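Only one structure is covered here, and it is reproduced in the block below.
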Amino acid sequence: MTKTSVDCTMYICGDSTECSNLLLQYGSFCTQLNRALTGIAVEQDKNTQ
Amino acid sequence: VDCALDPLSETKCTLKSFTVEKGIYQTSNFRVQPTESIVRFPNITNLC
């Protein structure tokens with residue numbers, strides 16, 4: 001399936017100083033999501049290979 | 001290791017390990033901050 005990579009900081013907070021600090025407080029929620037999506041993306045090609 | 005010293009240096013900061021193995025890593029997401037602000041308006045500019 002199409003490798004979908006979506007950055008969670010940009011989606012959650014659109015160019016806002018206020019939004020970034022509060023997002024940092026949750027603690028890698030953004031970060032955890034990227035691995036799952038990046039892992040999926042690699043697998044789609046890995047699957048192809 | 002400084003986070004923002006180098007493209008290489010930045011990679012380490014995200015990885016959080018001093019030695020980085022071969023591969024491709026994504027450090028940060030880049031956008032371009034707006035240079036100016038613009039207002040398109042109706043000048044009537046009437047007092048209340």
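By convention here, the chains of the structure tokens are called A, B, ... in the order presented, each chain's residues are numbered starting at 1, and ligands are numbered starting at 1 in the order presented.
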> Given a cut-off of 9 Å, which residues of chain A touch chain B, counting only C-alpha atoms, written out as a PyMOL selection string?
Replying inline: chain A and resi 7+9-10+15
Surrounding residues of residue 40 (chain A) excluding itself and chain neighbours under 3 positions, 9 Å, only C-alpha atoms, as a short mmCIF file (atom, residue, chain, number, x, y, z; two decimals) with N, CA and C atoms, in the first residue's frame:
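Result file is selection-v9.cif:
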data_model
loop_
_atom_site.label_atom_id
_atom_site.label_comp_id
_atom_site.auth_asym_id
_atom_site.auth_seq_id
_atom_site.Cartn_x
_atom_site.Cartn_y
_atom_site.Cartn_z
N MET A 1 0.83 -1.19 0.00
CA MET A 1 0.00 0.00 0.00
C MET A 1 0.86 1.24 0.00
N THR A 2 0.29 2.35 -0.45
CA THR A 2 1.03 3.60 -0.59
C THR A 2 1.71 3.97 0.71
N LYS A 3 3.01 4.23 0.64
CA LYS A 3 3.78 4.59 1.82
C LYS A 3 3.17 5.91 2.23
N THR A 4 2.56 5.97 3.38
CA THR A 4 2.05 7.27 3.77
C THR A 4 2.89 7.82 4.88
N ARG A 35 7.16 6.21 13.44
CA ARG A 35 7.77 4.90 13.31
C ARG A 35 6.78 3.92 12.69
N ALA A 36 5.53 3.96 13.14
CA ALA A 36 4.54 3.04 12.61
C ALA A 36 4.33 3.30 11.13
N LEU A 37 4.20 4.57 10.76
CA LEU A 37 4.02 4.93 9.36
C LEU A 37 5.25 4.64 8.54
N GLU A 43 7.83 -1.57 4.65
CA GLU A 43 7.23 -2.87 4.41
C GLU A 43 6.58 -2.95 3.04
N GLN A 44 5.94 -1.87 2.61
CA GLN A 44 5.27 -1.88 1.32
C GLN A 44 6.23 -2.12 0.18
N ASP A 45 7.41 -1.49 0.27
CA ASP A 45 8.53 -1.71 -0.64
C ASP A 45 9.18 -3.04 -0.32
#
>> Considering only helix (DSSP H, G or I) as DSSP defines it on the backbone, what residues of chain A qualify? List them as JSON, numbers by chain.
In response: {"A": [8, 9, 10, 11, 12, 17, 18, 19, 20, 21, 22, 23, 24, 25, 26, 29, 30, 31, 32, 33, 34, 35, 36, 37, 38, 39, 40, 41, 42, 43, 44, 45, 46, 47, 48]}
Output file for the selection above: N, CA, C and O atoms, as a tab-separated table (two decimals), in the first residue's frame:
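Output file again04.tsv follows:
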chain	number	residue	atom	x	y	z
A	8	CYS	N	3.48	14.35	12.40
A	8	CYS	CA	2.45	14.64	13.35
A	8	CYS	C	2.54	16.06	13.91
A	8	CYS	O	1.50	16.61	14.16
A	9	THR	N	3.72	16.67	14.05
A	9	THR	CA	3.76	18.04	14.57
A	9	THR	C	3.05	19.00	13.63
A	9	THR	O	2.27	19.81	14.09
A	10	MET	N	3.29	18.93	12.33
A	10	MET	CA	2.65	19.85	11.40
A	10	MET	C	1.13	19.68	11.35
A	10	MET	O	0.39	20.66	11.36
A	11	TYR	N	0.66	18.44	11.31
A	11	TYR	CA	-0.77	18.19	11.27
A	11	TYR	C	-1.44	18.73	12.54
A	11	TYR	O	-2.45	19.43	12.45
A	12	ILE	N	-0.86	18.44	13.70
A	12	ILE	CA	-1.47	18.82	14.97
A	12	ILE	C	-1.44	20.32	15.17
A	12	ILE	O	-2.39	20.88	15.64
A	17	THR	N	3.41	28.72	17.67
A	17	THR	CA	4.31	28.61	18.80
A	17	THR	C	3.60	27.98	19.97
A	17	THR	O	4.19	27.14	20.66
A	18	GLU	N	2.34	28.35	20.16
A	18	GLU	CA	1.54	27.86	21.28
A	18	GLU	C	1.35	26.35	21.17
A	18	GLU	O	1.49	25.59	22.16
A	19	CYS	N	1.07	25.90	19.95
A	19	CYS	CA	0.76	24.50	19.73
A	19	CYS	C	1.95	23.56	19.96
A	19	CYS	O	1.77	22.47	20.48
A	20	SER	N	3.16	23.99	19.60
A	20	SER	CA	4.35	23.15	19.73
A	20	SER	C	4.73	22.82	21.17
A	20	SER	O	5.06	21.68	21.45
A	21	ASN	N	4.67	23.79	22.07
A	21	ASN	CA	5.07	23.52	23.45
A	21	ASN	C	4.13	22.54	24.12
A	21	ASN	O	4.57	21.62	24.80
A	22	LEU	N	2.83	22.72	23.91
A	22	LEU	CA	1.86	21.81	24.50
A	22	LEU	C	1.98	20.39	23.94
A	22	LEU	O	1.88	19.42	24.68
A	23	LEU	N	2.26	20.28	22.64
A	23	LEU	CA	2.46	19.00	22.00
A	23	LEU	C	3.69	18.26	22.57
A	23	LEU	O	3.67	17.04	22.72
A	24	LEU	N	4.73	19.02	22.90
A	24	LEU	CA	5.95	18.48	23.48
A	24	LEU	C	5.66	17.82	24.83
A	24	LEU	O	6.28	16.82	25.19
A	25	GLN	N	4.69	18.37	25.56
A	25	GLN	CA	4.30	17.86	26.86
A	25	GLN	C	3.79	16.41	26.83
A	25	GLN	O	4.10	15.64	27.74
A	26	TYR	N	3.09	16.02	25.77
A	26	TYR	CA	2.54	14.66	25.71
A	26	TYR	C	3.65	13.61	25.67
A	26	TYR	O	3.51	12.57	26.29
A	29	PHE	N	4.32	11.41	21.29
A	29	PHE	CA	3.12	10.87	20.67
A	29	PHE	C	3.31	10.99	19.18
A	29	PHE	O	3.05	10.05	18.45
A	30	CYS	N	3.82	12.16	18.77
A	30	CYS	CA	4.21	12.44	17.42
A	30	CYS	C	5.24	11.41	16.92
A	30	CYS	O	5.14	10.82	15.82
A	31	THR	N	6.25	11.24	17.76
A	31	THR	CA	7.37	10.36	17.47
A	31	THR	C	6.99	8.90	17.29
A	31	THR	O	7.52	8.23	16.42
A	32	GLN	N	6.10	8.40	18.13
A	32	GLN	CA	5.66	7.01	18.04
A	32	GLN	C	4.93	6.74	16.74
A	32	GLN	O	5.14	5.70	16.12
A	33	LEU	N	4.09	7.69	16.33
A	33	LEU	CA	3.31	7.57	15.11
A	33	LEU	C	4.17	7.46	13.85
A	33	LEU	O	3.87	6.66	12.95
A	34	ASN	N	5.24	8.24	13.80
A	34	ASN	CA	6.11	8.23	12.62
A	34	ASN	C	6.74	6.88	12.38
A	34	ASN	O	6.81	6.45	11.24
A	35	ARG	N	7.16	6.21	13.44
A	35	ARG	CA	7.77	4.90	13.31
A	35	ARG	C	6.78	3.92	12.69
A	35	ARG	O	7.15	3.15	11.80
A	36	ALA	N	5.53	3.96	13.14
A	36	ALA	CA	4.54	3.04	12.61
A	36	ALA	C	4.33	3.30	11.13
A	36	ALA	O	4.31	2.38	10.33
A	37	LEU	N	4.20	4.57	10.76
A	37	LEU	CA	4.02	4.93	9.36
A	37	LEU	C	5.25	4.64	8.54
A	37	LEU	O	5.15	4.11	7.44
A	38	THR	N	6.43	4.95	9.09
A	38	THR	CA	7.66	4.69	8.35
A	38	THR	C	7.90	3.19	8.20
A	38	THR	O	8.34	2.74	7.15
A	39	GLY	N	7.54	2.43	9.23
A	39	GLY	CA	7.66	0.98	9.20
A	39	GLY	C	6.76	0.43	8.12
A	39	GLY	O	7.16	-0.44	7.37
A	40	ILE	N	5.55	0.97	8.04
A	40	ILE	CA	4.61	0.55	7.02
A	40	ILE	C	5.15	0.86	5.64
A	40	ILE	O	5.03	0.03	4.75
A	41	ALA	N	5.73	2.04	5.48
A	41	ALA	CA	6.25	2.46	4.18
A	41	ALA	C	7.36	1.51	3.71
A	41	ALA	O	7.39	1.13	2.53
A	42	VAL	N	8.25	1.16	4.63
A	42	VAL	CA	9.36	0.27	4.31
A	42	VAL	C	8.84	-1.11	3.92
A	42	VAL	O	9.32	-1.71	2.97
A	43	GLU	N	7.83	-1.57	4.65
A	43	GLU	CA	7.23	-2.87	4.41
A	43	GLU	C	6.58	-2.95	3.04
A	43	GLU	O	6.68	-3.96	2.38
A	44	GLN	N	5.94	-1.87	2.61
A	44	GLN	CA	5.27	-1.88	1.32
A	44	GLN	C	6.23	-2.12	0.18
A	44	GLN	O	5.91	-2.84	-0.75
A	45	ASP	N	7.41	-1.49	0.27
A	45	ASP	CA	8.53	-1.71	-0.64
A	45	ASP	C	9.18	-3.04	-0.32
A	45	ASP	O	9.54	-3.78	-1.23
A	46	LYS	N	9.32	-3.37	0.97
A	46	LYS	CA	9.93	-4.64	1.38
A	46	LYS	C	9.12	-5.83	0.86
A	46	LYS	O	9.64	-6.83	0.34
A	47	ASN	N	7.81	-5.67	0.99
A	47	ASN	CA	6.85	-6.55	0.37
A	47	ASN	C	7.04	-6.64	-1.14
A	47	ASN	O	6.97	-7.73	-1.71
A	48	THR	N	7.29	-5.51	-1.78
A	48	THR	CA	7.48	-5.50	-3.23
A	48	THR	C	8.73	-6.29	-3.60
A	48	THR	O	8.73	-7.08	-4.53
>> If I take CA of residue 17 (chain B) and CA of residue 28 (chain A), how far is one from the other in Å, to one decimal?
In response: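 According to the coordinates, CA of residue 17 (chain B) and CA of residue 28 (chain A) are separated by 17.1 Å.
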> What is the distance, in Å and to one decimal place, between CA of residue 36 (chain B) and CA of residue 14 (chain A)?
Replying inline: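 Atom-to-atom, CA of residue 36 (chain B) and CA of residue 14 (chain A) are spaced 16.8 Å apart.
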